[PDB]
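Novice: Experimental structure and its sequence below.
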Amino acid sequence: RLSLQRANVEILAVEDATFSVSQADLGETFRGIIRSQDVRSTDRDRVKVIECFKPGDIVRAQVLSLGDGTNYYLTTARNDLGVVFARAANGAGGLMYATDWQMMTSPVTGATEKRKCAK
Amino acid sequence: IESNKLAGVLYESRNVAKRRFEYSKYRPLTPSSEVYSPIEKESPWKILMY
Amino acid sequence: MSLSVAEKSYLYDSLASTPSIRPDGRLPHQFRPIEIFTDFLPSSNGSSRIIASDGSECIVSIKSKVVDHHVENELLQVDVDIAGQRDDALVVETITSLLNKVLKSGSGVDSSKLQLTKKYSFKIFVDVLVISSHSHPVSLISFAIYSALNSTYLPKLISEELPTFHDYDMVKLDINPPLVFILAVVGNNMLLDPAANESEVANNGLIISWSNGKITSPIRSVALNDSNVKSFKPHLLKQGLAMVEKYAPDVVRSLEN
Amino acid sequence: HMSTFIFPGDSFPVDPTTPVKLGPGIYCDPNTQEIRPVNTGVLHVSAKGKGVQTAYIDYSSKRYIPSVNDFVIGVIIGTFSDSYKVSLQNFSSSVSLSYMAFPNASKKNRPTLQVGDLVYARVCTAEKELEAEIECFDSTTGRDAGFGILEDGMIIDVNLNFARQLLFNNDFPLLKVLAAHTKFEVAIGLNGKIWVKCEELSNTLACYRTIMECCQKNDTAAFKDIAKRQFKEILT
Amino acid sequence: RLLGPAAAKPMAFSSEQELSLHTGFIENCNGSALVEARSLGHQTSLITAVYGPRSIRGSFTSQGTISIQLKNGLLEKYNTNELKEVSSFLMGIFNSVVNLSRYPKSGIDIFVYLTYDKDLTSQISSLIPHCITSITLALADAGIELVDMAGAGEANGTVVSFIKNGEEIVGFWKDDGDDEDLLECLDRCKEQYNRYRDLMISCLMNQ
Amino acid sequence: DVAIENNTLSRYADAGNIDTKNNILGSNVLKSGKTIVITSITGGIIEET
Amino acid sequence: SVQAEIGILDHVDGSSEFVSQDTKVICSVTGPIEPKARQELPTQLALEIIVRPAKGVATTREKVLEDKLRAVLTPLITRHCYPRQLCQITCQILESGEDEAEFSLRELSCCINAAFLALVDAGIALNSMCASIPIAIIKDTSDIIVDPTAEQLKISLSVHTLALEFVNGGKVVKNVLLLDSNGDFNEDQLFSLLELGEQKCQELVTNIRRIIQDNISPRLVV
Amino acid sequence: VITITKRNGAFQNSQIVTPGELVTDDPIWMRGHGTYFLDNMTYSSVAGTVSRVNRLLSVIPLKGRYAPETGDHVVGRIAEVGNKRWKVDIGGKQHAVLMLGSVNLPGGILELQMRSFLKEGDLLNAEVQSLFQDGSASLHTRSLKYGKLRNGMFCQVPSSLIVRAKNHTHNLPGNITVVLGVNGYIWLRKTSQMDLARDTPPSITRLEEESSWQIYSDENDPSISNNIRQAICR
Amino acid sequence: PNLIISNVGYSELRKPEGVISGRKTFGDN
Amino acid sequence: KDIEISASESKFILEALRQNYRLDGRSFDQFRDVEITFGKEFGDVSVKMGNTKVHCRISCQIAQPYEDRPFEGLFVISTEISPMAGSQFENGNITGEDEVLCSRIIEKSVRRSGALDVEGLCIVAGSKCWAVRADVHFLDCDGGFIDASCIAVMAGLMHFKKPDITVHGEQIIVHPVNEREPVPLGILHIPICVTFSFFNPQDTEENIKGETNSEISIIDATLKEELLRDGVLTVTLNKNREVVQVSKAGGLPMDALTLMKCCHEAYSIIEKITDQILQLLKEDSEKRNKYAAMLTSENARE
Amino acid sequence: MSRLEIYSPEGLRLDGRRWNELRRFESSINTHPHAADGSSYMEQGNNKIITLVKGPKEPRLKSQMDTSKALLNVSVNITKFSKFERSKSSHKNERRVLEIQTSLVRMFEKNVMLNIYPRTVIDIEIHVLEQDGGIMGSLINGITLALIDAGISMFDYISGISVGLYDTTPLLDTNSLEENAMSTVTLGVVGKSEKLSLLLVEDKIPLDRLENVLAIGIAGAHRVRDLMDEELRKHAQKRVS
Amino acid sequence: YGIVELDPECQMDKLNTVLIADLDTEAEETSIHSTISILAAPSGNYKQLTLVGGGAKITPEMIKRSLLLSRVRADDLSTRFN
């Protein structure tokens, strides 16, 4: 889910590299929330989450404080954190690759979409 | 009177007229809506640092 | 029930000590005052309403029907309905299946005491209605069906043809109704008839059935709470089991009165 | 200057060489990168050299989709802490009307709007992946005339085609045939809402009955006879 | 669900205990098992699956919550009232064996399918010691923590479940049977509990 | 690959020693890969007019 | 010759009524609207397909009818342009036109056509067009005939419900949407009816396009 | 031994006004609780007695619950933990709210882990600070005297049986301290260090108290006297 | 590859160019 | 998931009623013009009154009679509302208060009130009987749900024809539809439902103890008039001056004189709707039996 | 029983009463001070109804909660042993029962001042131990006396009376044998007025006779109000003193 | 069976599609939007066929291949144990 000031996600893996597949879709899976204040490293007060993430993108974010009443607190205020895998037009296009820090482009389709890349 | 809320407004009016002024040094320790002081914070300089 | 962990440790430490101090101060062999009303439903043969000290109230109605015992297996069907709980709820079907075993036609109650002709016999319908409950009511329903069965009157038989019954006279239901008791173990002490707060911090629970001055077959050892669930020494199993053998006659003397 | 009836999946009568500015009804495939219609309606094009060309499809619809720069009528259904919650159409999703989106807005004073109030605003955010947003003042130009609470009156539910042909097409003989019978003020919403208001309730009701009858009747030249009979019926 | 026409009637016709133990062979859940027992004129064949642990959204409990459910298979269909009665007795036992404090704000769902219960000549008393040994194998395969193995035995209706090499009793169940048969029924199941206890470990260590 | 077991859970499993109390007419325990399929068949009768 | 009317309901975004032989199906499309919790899709549009029989409640017979109709409309709608949205598509079968217990092919063929028509009137993004026809073979002549009557089904050996997808003025067939068959047939008869079914659906969309133009065009600039 | 009361035959064993009747026709009155104005005449909405205090006309119902008023010392357990506020069960018609700024936090100004030191079901005592429009009460724990209860047992009495006095809590013989709440929630605990040392016996701009989580810990007192626990049960 | 500008709404396609009054009060007559 | 009504729209319709105005232009006692569309097979009736459209389907089958009434047949009816008539109806909610109150009113009007001849539906006592089923399909909701549904079921039962059955002692042979002409069901009286919607320009207090009745009653409300409705009443009469059934629960507590007035106003309505169904059934019969004048066997002499 | 005389020329009914006489009315207040805040054991004739009122309290879930009024829930449970023949069906989820439960909620949500108790829910639990005709009216009188015991503000009394029409003779308070031989009408009169909050007619009645049936119906309902009112006077006076 | 459409971005005018037999695992059932399920009888007879072409285009090539690949599947199953 994409909100104006947050972005609801769904925890799929975790590392200590090696990972671990989550629960196989249906609910009762670990979910988190990336607050707008922890999206980027610079200008943490004014950001546009619509220009950072889109529904259906795999995002690598580090957890923060555990106020796990329902969700988790994540952050992407680094270089190696952000969108690591996405597709054009929310899955309706081609597989895009992270070029710049906030610019993702698909080679075949040639279209560009603004993300929060991680390279 | 048609809304039958007249007694509720007059009851709150009494609590406003029963308000009492008191200096900051001799104010009650328990925070109350009946007493008033220019300084009602235990450490007033803490809300300025934050 | 729902309590705080601060007071749960206080009741746990006070009930597991060697003095075995109870919350209300009653002795481990004592009970709470109970009010029982009988015979108030003219449309039914037997009836009873029981009221506990903590507020638990249960009503029991008894109906009868002539049925061929050669084709009718069970002659004592118990229908339990708890208010606020679904008919298919997990806590309702367990007592429904448990009471059908303590009052099984032939085991808990002999079928010879309700036979008519060599072909037909009376079928007893025990309808249970729990208005309110704060603990496990299997011991309270047993006290209600006891006074209801001992206050039941069925029509008299007149005598292979279809049986005929008298218009005015009705015979009394001479049936020994089994009794069910609840026991809670707290560490190393036995507690007969626990309370809502005693059973909430207890370690395990015991259900004993008493019939004909003896401990009969249908007994259980279900846990009273999912929080503190502990295994018990076999010496505790026989301690509380033999403990009811001493005070149950004092229960029947006060209940059959 | 070409206008022809097309269908979803039909070929697009536009050369790829010419620069194009597509709009509603036309979709760009994220894979094949071709341009195909997805709606059934009249295909409108306009080739002009000054040198941009545009193309869109005018289709019949009643479910409103939030689009930017649209004049919409909404009903306030919730009061949050930093914004309102408005309903542009039943069953549809909600839109956000912030307290700061008002003339002379300030943190100190909140707008005097309560639930159930009809508002007239401009769609400032219509993202597909986000909640739509409206505002009672054009944040791009500063305009604010007409925007605000529509006190009293009566609202009318019409299709989206009847709303655009009434706001943009100045040749639609509805406001002209209505003003010839009684003085009124109208509020045209692109979400299929037409708010009217007269001095007497008898005139407001007559405006409600004409717009309803003219919404289902496709004959435009029959609007004169509808109001002629409708305003005559209220006289009994 | 078709069930066919309602005008159709069902058909009406006028020492040593072998054991089989298995585990796994299920990909939906985390841990499963399969116990089979053939002795005298009665056979038992039931499958147990453990779907857990699953994190509960919005929960704040201090320890886990076990959910055991017995479902009628295809032969000797018991009544639904007695199925949940044994389940409540099974939950009363495993709430003291499974490490509940290790899995906060989460629950564990148990699914036991009494597929083939057959008699060749209360009938559920003989099946209880076989259901307990099937859940312990399935709970251990799912990586769930259990305080010591849990088993049970039968002694003419009386079913007693022991733990810690039979030192402490975790559950007690009795239906039908006789009177005053207590210490002998305990030792008949105490030696039977050890027969099922070491056999579960022998199957859980093979490859 | 598949592996099946017919007449395994039926009353007529042993053609010489029939079951005393059973209702299933036939069975088939099919397994393809890691999936398990159990198919029992019960019997009834209807009176037609 | 079949009959069809568009825009008959006042409280849905799009409505339709498809009449063929004796089968009559009224469909209603409403969307995009706010979905429920278990229905919303993060990227694309959600579909709530519901079909109902003429007599009795909705049994499991209509459940497979929903799942087959769902597979026809799902690739036909551009779902990705309505993220986190819902579209209710309800099909009400007024008259079956066959035997409900022994057959269920004519109702599937009319629900597909009625749903596509209601999807056009509601203004939903459609990648192409759709056409569905029932096909059966009489055991006498063993030849393929389209839209068989109720008496022709009881003598049929195998039934067919072919659903196609047309583009470029209702001429080029992009993909075969649905071809559900049940009975007795071989590979020689499969392409014997698939080639015949492609030219009977081509004149159907050509007849559908004429119908959906005689009603949408007057409502627009006219 | 058991004492069982038995019956047989039956199912069981000022100005009084009823809802719907006329109490007065004098408009010169102030309509109070249990009273609805209508057509310049006054009627009663509940069954009870008529009260005429000053010009305030009200009806006192027979069975009445607890009415939360400003400045009441009550006892209640936490029902749920919300967003920076905890709904506490006082026993009234609704759940009283407890904002995060109404309790003494040990960290202070320096953290949404509210359930760590105060979860659901935990019992405590506080004072009613104010009321809401719908009648809901707002509590606060800005005093050392108000804290999380422990070292005792909880009981409940009807709300209409608690008399309002000066000191809400009292010290009793046998090293026992009683906490009487006007809502009907009594807490019988052993005398602590606080209730024992207080209940029985120009350049200053005030300072802030430094209170740790010592009063929020669920850890009860280790050694409680066996002679004292039998007094609490008595 | 084509010369594509993002799909625009219905209002930006018109000719008045945002000088449209959505709420027109018809006084007198 | 529910209809949102603006405060401006709510105030306008109430004040319009205070000036004897309805948005659709009817009167306070004007029932919507009813239209009956008969389908192909017998028992296929489509009713259209105003913008509300409803469709009923009549069927029957052999079933076991009740143990307490072995000489009567069964009458089943279920009105499950689909999202077709509006997205406010959640599909699968068969326990809805509207669906519950609709079925119970028609069931009392047809079965309990003796509209359908249940005794004539008995083939063999306590074994075989007819179980007539009435499936009502709500197509487009605009108020008057139970008013149109009752018209659809009554027009459907009078248009439906049950299969012919010959009894040979204990056997029962159901004659195919092509073998023998089906026999129509027996109908004693024609219950027709008329609903009344109530409004108060005052409030609840001025209505409990208020002699001055300022209530506004309208006959057959629309959807917008129904959402702003305060009190609801449903009566059912027949052309025999008999009150079939009455259901009034909640809303504005009205007096006996106004409820009696509602019945006399509803009788003039049901009397006209009755003769229309009798006329439209007569016209539909001549549509199917065009040459029925030549096929008559019982003919008069001279 | 058998073939009885419903209304003989001597004006006597099958149970001895006359045309305008009521069955014995023995109501009881505060019968469950440990199970609900409101309690009423209604014993109208052979009928024996237990009515509980749990509230107003917080809802068990914050999902359904009206921030401007209260939620009124009615749970009518007809026991299996309500009649002579023990019921074999389920009764709880019966369609006839849901109609009664809804008709009771609408009847009282307009009479109970739900506005005085916002953001709350009022649960009404009913258990019928025995029935004998006119069960709907006795359900009405039980809820009225049970809410008053709970201290819920109401505008007036709601009285439940049942009237039957045998040929040309109305009969007050119909029992089971009378309902199985004539048409039945249950009324819901508000206080001493003629305002009807309930009007259920489930059998055919001539229009020329319904008005007189309603007049004699509301007249007997007022008599039912006084018997409930006099019960509250006696209960309040003995409780204070 | 299933008809899967490849892509050049995972190891280019047009492309080539492949046919997968007996779909399994969550990966195939979720992504493959074009399947063919058929009932094959001996002597070249078929009893039921479902042809859904949501994903890739179903060419007559893969129609004939799925039919012939099912006739051998029905012969092995009918002659597996009996």
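Specialist: Structure's in. What do you need? Numbers count the residues shown, from 1 in each chain, chains lettered A, B, ... in the order given.
Novice: do stretch J:132-145 and chain E meet?
Specialist: No: Stretch J:132-145 lies apart from chain E when judged by C-beta under 8 Å from any C-beta of the partner chain; the minimum separation is 15.2 Å. To be clear about C-beta, it is placed using only N, CA and C from the backbone, and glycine gets the same treatment.
Novice: Would you pull up how far that stretch lies from the middle of the chain?
Specialist: Stretch J:132-145 sits 9 Å away from the centroid of its parent chain (C-alpha atoms, centre = their mean, to the nearest Å).
Novice: quick one, strands of chain L?
Specialist: For chain L, strands defined by DSSP state E occupy the ranges L:2-5, L:17-20, L:34-41, L:45-53.
Novice: can you tell me the residue of chain G closest to chain D?
Specialist: In chain G, the residue that lies nearest chain D is residue G:123 (3.2 Å; C-beta to the nearest C-beta).
Novice: swap in chain B?
Specialist: For chain B, C-beta to the nearest C-beta, closest residue to chain D: residue B:3, 17.1 Å.
Novice: And that residue, how close does it get to chain F?
Specialist: Distance from residue B:3 to chain F, counting by C-beta to the nearest C-beta, to the nearest Å: 69 Å.
Novice: Spatially central, which residue of chain J would that be?
Specialist: residue J:150 (0.4 Å; C-alpha atoms, centre = their mean).
Novice: residue nearest the centroid of chain E?
Specialist: residue E:131 (1.8 Å).
Novice: close enough to count as contact, that one and residue E:87?
Specialist: No: counting by C-beta atoms under 8 Å, residue E:131 does not reach residue E:87; the two are 9.3 Å apart.
Novice: Determine the residues that are contacts of both of the two.
Specialist: Listed as contacting both residue E:131 and residue E:87 by C-beta atoms under 8 Å, 6 or more residues apart in numbering or on different chains are residue E:70.
Novice: wait, doesn't residue E:184 sit right on residue E:155?
Specialist: Yes: Residue E:184 lies in contact with residue E:155 (C-beta under 8 Å); the separation is 7.3 Å.
Novice: okay, these two: which has more neighbours?
Specialist: Neighbours were counted for residue E:184 and for residue E:155 using other C-beta atoms under 10 Å in any protein chain shown; residue E:155 has more, 21 against 12.
Novice: my guess is residue J:258 is in a helix, correct?
Specialist: Yes: Residue J:258: assigned to a helix according to DSSP: H, G, I helix; E, B strand; the rest coil.
Novice: tell me the phi and psi of residue E:183?
Specialist: phi -70, psi -40 (degrees, to the nearest 10).
Novice: Equivalent analysis for the one 10 residues further on, please.
Specialist: In terms of degrees, to the nearest 10, the main-chain angles of residue E:193 are phi -60, psi -40.
Novice: neighbours of it, just the number please.
Specialist: Using other C-beta under 10 Å, residue E:193 has 25 neighbouring residues.
Novice: Please apply the same query to the one 5 residues further on.
Specialist: As a burial measure, the neighbour count of residue E:198 was computed by other C-beta under 10 Å and equals 10.
Novice: Could you list which residues are in contact with the residue nearest to the centre of chain E?
Specialist: Residue E:131 sits next to E:46, E:48, E:70, E:86, E:90, E:112, E:114 when contact means C-beta under 8 Å, 6+ apart.
Novice: any idea what the second one is structurally, helix, strand or coil?
Specialist: Same thing as residue E:48. Applying three-state DSSP: residue E:48 is strand.
Novice: what bridges to it?
Specialist: Counting by DSSP bridges, residue E:48 is bridged to residue E:33, residue E:112.
Novice: Leaving aside the residues adjacent along the chain, what's closest to whichever residue of chain D sits closest to chain G?
Specialist: Using C-beta to the nearest C-beta, the closest approach of chain D to chain G is made by residue D:61 at 3.2 Å. Nearest residue to residue D:61, sequence neighbours excluded (C-beta to C-beta, 6 or more residues apart in numbering or on different chains): residue G:123, at 3.2 Å.
Novice: wait, that neighbour sits on residue G:14?
Specialist: Yes: at 7.2 Å, residue G:123 counts as touching residue G:14 under the criterion of C-beta under 8 Å.
Novice: how many other residues sit next to residue G:203?
Specialist: Residue G:203 is flanked by 12 other residues according to other C-beta under 10 Å.
Novice: Let me know the secondary structure of it.
Specialist: helix.
Novice: Next one: it from residue G:209, what distance?
Specialist: To residue G:209, residue G:203 is 11 Å away according to C-beta to C-beta, to the nearest Å.
Novice: With residue H:113 instead?
Specialist: 64 Å.
Novice: what's near enough to touch the residue of chain G closest to chain D?
Specialist: Counted by C-beta under 8 Å, 6+ apart, residue G:123 has contacts D:39, D:59-63, G:13-14.
Novice: Next, find the distance separating it from residue D:94.
Specialist: 21 Å.
Novice: again, but for residue G:201
Specialist: According to C-beta to C-beta, residue G:201 stands 42 Å off from residue D:94.
Novice: Quick check on the two: which one has the bigger neighbour count.
Specialist: residue G:201 (25 against 16).
Novice: so that one makes contact with residue G:165?
Specialist: No: in terms of C-beta under 8 Å, residue G:201 does not count as a neighbour of residue G:165; the distance is 9.4 Å.
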